[PDB]
Student: 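Here it is: the structure, laid out below.
Both backbone and side-chain heavy atoms feed into the values below; hydrogens, waters and symmetry mates do not. Chain letters run A, B, ... following the sequence lines, proteins first and then strands; every chain starts at 1. Note that ligands are numbered from 1 as they come in the structure, with each ligand's atoms numbered from 1 the same way.
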Amino acid sequence: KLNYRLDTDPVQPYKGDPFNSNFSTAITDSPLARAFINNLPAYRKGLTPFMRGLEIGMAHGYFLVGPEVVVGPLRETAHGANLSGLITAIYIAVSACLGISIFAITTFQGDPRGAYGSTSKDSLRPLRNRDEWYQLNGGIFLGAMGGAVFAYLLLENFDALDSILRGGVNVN
Amino acid sequence: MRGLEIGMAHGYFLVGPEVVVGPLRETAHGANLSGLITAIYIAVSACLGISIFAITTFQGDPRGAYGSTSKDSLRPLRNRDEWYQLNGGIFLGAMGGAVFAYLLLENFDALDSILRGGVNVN
Amino acid sequence: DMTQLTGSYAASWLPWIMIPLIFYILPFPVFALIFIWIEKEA
Amino acid sequence: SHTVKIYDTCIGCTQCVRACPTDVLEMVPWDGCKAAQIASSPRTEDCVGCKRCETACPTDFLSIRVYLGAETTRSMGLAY
Amino acid sequence: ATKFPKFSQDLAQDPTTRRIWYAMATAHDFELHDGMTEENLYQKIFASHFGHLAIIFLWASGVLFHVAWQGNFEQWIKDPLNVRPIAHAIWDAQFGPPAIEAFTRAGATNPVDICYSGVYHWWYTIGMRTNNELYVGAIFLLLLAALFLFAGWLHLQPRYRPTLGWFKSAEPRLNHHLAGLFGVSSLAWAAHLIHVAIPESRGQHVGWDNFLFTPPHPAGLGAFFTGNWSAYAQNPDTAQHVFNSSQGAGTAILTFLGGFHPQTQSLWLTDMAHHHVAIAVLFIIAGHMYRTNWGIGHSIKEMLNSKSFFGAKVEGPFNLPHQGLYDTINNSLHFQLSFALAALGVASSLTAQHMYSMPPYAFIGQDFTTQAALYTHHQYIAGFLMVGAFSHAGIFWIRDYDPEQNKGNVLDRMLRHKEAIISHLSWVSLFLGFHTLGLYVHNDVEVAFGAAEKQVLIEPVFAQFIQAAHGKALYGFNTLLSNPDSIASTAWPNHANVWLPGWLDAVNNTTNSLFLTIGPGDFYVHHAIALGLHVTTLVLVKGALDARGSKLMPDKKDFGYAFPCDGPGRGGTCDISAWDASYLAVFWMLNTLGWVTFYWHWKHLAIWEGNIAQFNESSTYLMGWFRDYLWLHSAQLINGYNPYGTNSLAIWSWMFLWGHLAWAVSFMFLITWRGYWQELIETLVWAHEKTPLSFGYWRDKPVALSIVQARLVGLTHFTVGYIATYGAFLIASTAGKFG
Amino acid sequence: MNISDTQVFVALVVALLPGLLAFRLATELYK
Amino acid sequence: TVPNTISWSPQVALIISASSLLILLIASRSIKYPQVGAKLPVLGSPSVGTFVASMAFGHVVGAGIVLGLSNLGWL
Ligand code: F6C
Ligand code: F6C
Ligand code: CLA
Ligand code: CLA
Ligand code: CLA
Ligand SMILES: CC1=C(/C=C/C(C)=C/C=C/C(C)=C/C=C/C=C(C)/C=C/C=C(C)/C=C/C2=C(C)CCCC2(C)C)C(C)(C)CCC1
Ligand SMILES: CC1=C(/C=C/C(C)=C/C=C/C(C)=C/C=C/C=C(C)/C=C/C=C(C)/C=C/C2=C(C)CCCC2(C)C)C(C)(C)CCC1
Ligand SMILES: CC1=C(C/C=C(\C)CCC[C@H](C)CCC[C@H](C)CCCC(C)C)C(=O)c2ccccc2C1=O
Ligand SMILES: [Ca+2]
Ligand SMILES: [Ca+2]
């Protein structure tokens, strides 16, 4: 008389284990969600740790420039606003890279505690070696600095780039 | 390091064509910006191509010259990790060389005074 | 003035951003996606 | 690989075997014709599909038929 | 092996680049997919059809949205005859200031394209007035496309996947598609015309906010139920009516005036409303013919298998064996596709032939470039649809036809006298080609030698007689509708020719395209068209009927529809498959449609110029076509840009060249064949393998394109160049000399 | 008087629904 | 403006009687539990509860129809 009806359940246990504190939902287990998340540079199969950090840094440093350019305290002038946005991205990225460095220093002592231990099976945290974290951090810093400068250069040359994208450079 | 040197050289020389014969050549600032942007676009496209080459080539035993039994001496990067490190070096070196050329061209008046000794007037 | 691309229609910046995106920004990533799709080992 | 089929109208003239540039065919004992032999295709993996065997076949219609199928490295005749 | 393609292990194991190409060429050939069953085939086709409908709706929504966003619909309403409709804005960041100025026109302050699809006139006729209405229509079409996409997804879920019997039930599908899809849709369109379009054309706004309490006719629905239908035909629009205004506007919703509205020079809105009402009634009636669930109704299988004509023993309908055909069509998707494509091609041809002569949209007959574009578009689409109909006829012959279940029926008889059919088609083609070309070049020689009076100039007397019988009194004939005393014109028993006055007024009007005057040049070009039609039919029919085999290849059916050849033996067998026949027939279809559109365009150009004599005197010899049509009208097209500047035709000037480029490229794929390129590719492979610093290496071995792939690619380039070149020429030569 | 910024943005948002449904239908057909 | 309402006439009686009758045919053959309670031809022999329900709903639907039509000049 007891019918759990698990065989027709739209939401299944995660990876077939009902006692892993997770569900098989559209966010966690749908084919598009898995394809998108697992192919982000953090999880993409085969990527070297430095290459992971390079792509993550490029993306994050590029957009971190924006907020202070538009609503920052130097927004009244174009030249000042761009500089403040670039410095804000540099300060945040350097602070984050310092945090990543001291995370690697403290986590990887003997057998690491928690999710980075030898016996841990956390699929969402695959960087299990100290060397991988330092290679990732080097990529993060260089990518973030490059992406921030790339946004800074485009914004600094916005007058030229606006004419570029409208064909105003074709007058002469 | 291989990628770094190759990127340095290629990004450095890729800026010039659009600077000299590009559509923004009428003004120095726009020409330099267009050359730098062209170098960046070409290098990023090449790096994306290298990434997808590494992704598709190294599955199981790679086909062709990158297989385990291949003896191609002209293609010595037989590992996926080597290709990804090469790509990172290529991107960073190409961006650095393009920016170096852009900075040299943007300050061409100052650098021309430098190389003629005109900075020694005062 | 007729020295630049302009738009009197609403949100004339939309072509300004979308033409580059569709025609020479996103197409290479799309080609990369398709190339990865068509080269995957069984 | 391509598919090579030999039908019962074969007269055992051995011309298809002689014309094959990759040795797909051979002559095997048979009793359906006066020559007491018939063509066989044990090595269709090596068949490139040139259809020289069909050109060599004198019967009407052909006693040997080549049906082009899945293309492999050796079926496309690739040296690389 | 690779995962891609998912539907073919044979391709997935291919180690060359061919694997990719064929994967795109066989993706939609569901029947050849690995492990495909009939039920899965039908369900996948159903979902694909849902997707295609969604794509069509998205395309219509995009057209509407771009007109509402960047067009000039409201400005064009106030002066349809002098304002250029705007397709969409131009954003090309590599334009120069001269190009920006040249393309900034039609009242816009930014570069724009000029719409030539006629959607402005169509939306104007059906009562749309504001950009907000177009925007609402675009949003609604977006939602409709979303609905159809969801339906396609849903009918693939396990509970909602239809069974094979549901797909095979022909009679209910015919009933619903006749009565509902054709009939009810026509009734709803007539309702839209009566409730919305006609009041809007009479200066009265009817929308969703007020259509519920705004009756379309003063008599109301009471006149319909009491049998007083004539009240709907009382007080029509006066001949002095001004469109989109109440001046001279009547109250009738269903007239049968005939002819054209005097100002818009297009069909009366009330006439089209009554047309769609009658069509809806007829199709709803036709949708009750077959039996589904209540006993009453015909059974198509019984009709085809019947052998008794009221007791007398007949072999079938018209004493012809039609037995076993119900299973033949019902089990062959290619047979049904062949009928559908042929019907759509005939419908597109009729659309082209009937919209230019009887314009249905206000002022569209005075937009010359739009008229030419629409006619050429629908004629070329009709030609492609006919080619597809015969291609899938051949595919049916190979894949779905078996002689056992069709033993002795009419299809088997056609297959048995295919030789006579093909030989007589060849004779007709030879006669037409020989005599038409001979007369053309005889006129060429006579005109070249200063003896234009010595031309053979055969009058098209039969078509002139038909035009006179339709009411054209120009030729002096006094037969049927051109004779007011004829029993046809009077309709003696009933005198119910309420259409005849307006129809005759439209026919004898010299400013429209209703039964254009025709002379010897029209005779010769119609015979050229007949030659082209017969040769294209010969190619397609010979391919379809020989698809199962011939003397050269008796066992062709065992090789499939599309294969390169059967080798150089037995003399050589290049282009022997039925696919190759369709490939060859695409060339002849393009040539025939080129002749048709050349004729239409030159005649209408002469009419619009005011120089009908040029066409009348020059179309009888081919040098006239070469000089006065192509060379004479190419000047403005080729001067779109020159060393002295650029104008708005520059795009066409570029595209005109672009087509000539693509066409030229096709020759390379059509003249040079595979082995040459395979050897060249082998040399390039060696070069790549022996070059240092070239770390790249192919994952798929580079090979030359296959023989069939080469024919397809060459045909695609040929067709694309053909279409682009002729479209650029048409648009530049019509728009460059007119609005 | 053509449509406004708000109408264009609303159309862009609305077009997301057919886009997601088209992706769903394509992935279902790929099965 | 106030929506138009018409004086009593045989047409409004026809609409209410028809709406009650159509509901009676449908309800006696479509609802989950008819023939419950005390019993009252072509009908499915509805109970007193089902019949009163159909007449009450016939007044509800009928009043909505006549008010809606009179509002719009007969729709
Ligand atoms: C991948 C990689 C690779 C490499 C490396 O690694 C290479 C290299 C080589 C060398 C060795 C030489 C010299 C160079 C030149 O000058 O030319 C070219 C140019 C170019 C530009 C090429 C290109 C290069 C690369 C590709 C780059 C890339 C980059 C990009 C940008 C990417 C992008 C990506 C995205 C996504 C799109 C060559 C060549 C040849 N090719 Mg060859 N490649 C290849 C690729 C390819 C493909 C795909 C194909 C098809 C199309 C071909 C083709 C060809 C032909 C036809 C020929 C000839 O003729 C030549 C010769 O032999 O001489 C003698 N090939 N090449
Ligand atoms: C098209 C083509 C074309 C074009 C166009 O037309 C061009 C242009 C152009 C122009 C812009 C310039 C100059 C400018 C004048 O005059 O003024 C300034 C100067 C200066 C500033 C100079 C100063 C001095 C310096 C700094 C020194 C140098 C350093 C080094 C690099 C180191 C070395 C290390 C080791 C030993 C190697 C240039 C240059 C060039 N290049 Mg060209 N390019 C082309 C090509 C090429 C190719 C292929 C190749 C090879 C690779 C090339 C290389 C090179 C090199 C190395 C170079 C240098 O140095 C420079 C520069 O960038 O710079 C900054 N292109 N360029
Ligand atoms: C099939 C319909 C269709 C087509 C052919 C076009 C065509 C065009 N649009 Mg467009 N558009 C459409 C619908 C369409 N539109 C709809 C419904 C919207 C509202 C969301 C827009 C909103 C829009 C904007 C905001 C802009 C354009 C622009 C343009 C031009 C450049 C292309 C571009 O940037 O796309 C941009 C496309 C979008 C922002 C969304 C398009 C959404 C449609 C429905 C996708 C259709 C997919 C298609 C049916 C599937 C193809 C299948 C494949 C096998 C062919 C070009 C003329 C640009 C322009 O005017 O340049 C001058 C521009 O800036 N469009
Ligand atoms: C509703 C109409 C309709 C439908 C449902 C089909 C359906 C089918 N046809 Mg068919 N056909 C049609 C119209 C139609 N056709 C017309 C009008 C023609 C005449 C031109 C043909 C000519 C034709 C031939 C000659 C063959 C088929 C074949 C097929 C089958 C496999 C399709 C295939 O090869 O994969 C999908 C194929 C492609 C996607 C081809 C690539 C596109 C081509 C090269 C056009 C070039 C694209 C152009 C530049 C731009 C177009 C727009 C762009 C968005 C693509 C399939 C059952 C084949 C078959 O059954 O094999 C035995 C076959 O050999 N058909
Ligand atoms: C200008 C180009 C051209 C011409 C004139 C022809 C002519 C012909 N084609 Mg053709 N074709 C062409 C291009 C052309 N094709 C192309 C590009 C393709 C795509 C590959 C095809 C594909 C094709 C197919 C698939 C078929 C044809 C067929 C035909 C014939 C049918 C018409 C006919 O009998 O008229 C009468 C004949 C002619 C008009 C030919 C010219 C006759 C000359 C002028 C007589 C002169 C005699 C004189 C003494 C010669 C001087 C001496 C000289 C020998 C030195 C005809 C021979 C069909 C056929 O053979 O059916 C019978 C057929 O099935 N063609
Ligand atoms: C999820 C999703 C999404 C989202 C997305 C995103 C979020 C994006 C972002 C993006 C981004 C945010 C991006 C970025 C990028 C970046 C880049 C691309 C960069 C580059 C850079 C460079 C190239 C640099 C360079 C350099 C160096 C390195 C050094 C020297 C200097 C220079 C500058 C040269 C959406 C909603 C849409 C849809 C749905 C889904
Ligand atoms: C073979 C030979 C030759 C040739 C040569 C060549 C070809 C050369 C070239 C050269 C080149 C072409 C070079 C280049 C170089 C480069 C460099 C040297 C660069 C540098 C860079 C840098 C240093 C950068 C930096 C950076 C970064 C990294 C980041 C941040 C920013 C910056 C900018 C700072 C000849 C004929 C003469 C003779 C015979 C032999
Ligand atoms: C040029 C040519 C080649 C060589 C051409 C080859 C090998 C194809 C080269 C294509 C390159 C690599 C890419 C070109 C891509 C197109 C411009 C666009 C393709 C678009 C789809 C991928 C969507 C043949 O192999 C061949 C074979 C048989 C008869 C005639 C010919 C022939 O004429
Ligand atoms: Ca310039
Ligand atoms: Ca100094």
Student: Within a distance of under 4.0 Å, is there any protein heavy atom near atom 53 (C) of ligand 1?
Tutor: no

Student: Applying ring pair (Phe, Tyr, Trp, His ring centres under 6.0 Å), run through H10(B) and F13(B) and close with a yes or a no.
Tutor: CA-CA 5 Å; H10(B) 283 76; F13(B) 82 81; 5.2 Å; yes

Student: Around atom 45 (C) of ligand 5, find the nearest protein heavy atom and jot down its residue, atom name and distance.
Tutor: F434(E) CE2, 4.7 Å

Student: For atom 26 (C) of ligand 7, decide whether some protein heavy-atom distance is shorter than 4.0 Å.
Tutor: yes

Student: Heavy atoms of the protein only: does one fall short of 4.0 Å from atom 20 (C) of ligand 5?
Tutor: yes

Student: Which protein heavy atom lies closest to atom 11 (C) of ligand 1, and at what distance to 0.1 Å?
Tutor: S694(E) OG, 3.2 Å

Student: Would you mind checking which non-hydrogen protein atom is closest to atom 3 (C) of ligand 1, with the distance to 0.1 Å?
Tutor: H688(E) CE1, 4.2 Å

Student: Near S426(E), which atoms of ligand 5 are under 4.0 Å from a heavy atom of that residue?
Tutor: 62 (C)

Student: Is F53(B) touching ligand 1 with its side chain, its backbone, both, or neither, if touching means heavy atoms under 4.0 Å apart?
Tutor: neither

Student: Give me the residue, atom name and distance of the protein heavy atom closest to atom 63 (O) of ligand 1.
Tutor: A687(E) CB, 4.8 Å

Student: Pull out every atom of ligand 5 sitting under 4.0 Å from any heavy atom of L538(E), numbered as shown with elements.
Tutor: 61 (O), 64 (O)

Student: Within a distance of under 4.0 Å, is there any protein heavy atom near atom 7 (C) of ligand 1?
Tutor: yes

Student: Specify side chain, backbone, both or neither for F13(B), according to which of its non-hydrogen atoms lie closer than 4.0 Å to ligand 7.
Tutor: side chain

Student: Could you tell me the residue and atom name of the protein heavy atom closest to atom 14 (C) of ligand 7, and the distance to it rounded to 0.1 Å?
Tutor: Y12(B) CD2, 3.6 Å

Student: List the steps and the verdict of side-chain contact (heavy atoms from CB on, under 4.5 Å) for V456(E) and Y440(E).
Tutor: CA-CA 9 Å; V456(E) 178; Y440(E) 267 126; over 6 Å; no

Student: Below 30° counts as parallel, above 60° as perpendicular, anything between as tilted: where do the rings of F669(E) and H717(E) land?
Tutor: parallel

Student: Nearest to atom 25 (C) of ligand 5, what protein heavy atom do you find, and at what distance?
Tutor: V539(E) CG2, 3.6 Å

Student: Please list, in number order, the atoms of ligand 7 under 4.0 Å from a heavy atom of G96(B).
Tutor: 24 (C), 25 (C), 26 (C), 27 (C), 28 (C), 33 (C)

Student: Report the member of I52(B), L684(E), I42(B) with the shortest heavy-atom distance to atom 59 (O) of ligand 1.
Tutor: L684(E)

Student: Under 4.0 Å from a heavy atom of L437(E): which atoms of ligand 5 are those, numbered in the order shown and with their elements?
Tutor: 39 (C), 44 (C)

Student: Got the closest protein heavy atom to atom 58 (C) of ligand 5, with its distance?
Tutor: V535(E) CG1, 3.9 Å

Student: What is the nearest protein non-hydrogen atom to atom 31 (C) of ligand 7, stated with its residue, atom name and distance?
Tutor: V99(B) CG1, 3.9 Å

Student: Which bit of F587(E) gets closer than 4.0 Å to ligand 5, counting heavy atoms only: side chain, backbone, both or neither?
Tutor: side chain

Student: Which of the numbered atoms in ligand 5 are under 4.0 angstrom from any heavy atom belonging to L584(E)?
Tutor: 20 (C), 25 (C)

Student: For atom 33 (C) of ligand 1, which protein heavy atom lies nearest, and how many Å away is it?
Tutor: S45(B) O, 3.7 Å

Student: Should the proximity of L430(E) to ligand 5, defined as any heavy atom under 4.0 Å, be assigned to the side chain, the backbone, both, or neither?
Tutor: both

Student: Looking only at distances, can you tell me whether any N or O atom of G696(E), backbone or side chain, sits closer than 3.5 Å to an N or O atom of ligand 1?
Tutor: yes

Student: Of all the atoms in ligand 7, which lie at a distance below 4.0 Å from a heavy atom belonging to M8(B)?
Tutor: 16 (C), 19 (C), 20 (C), 21 (C)

Student: When you measure from the side chain of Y561(E) to the backbone N and O of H392(E), does any donor-acceptor pair fall under 3.5 Å?
Tutor: no

Student: Does the protein place any heavy atom closer than 4.0 Å to atom 8 (C) of ligand 7?
Tutor: no

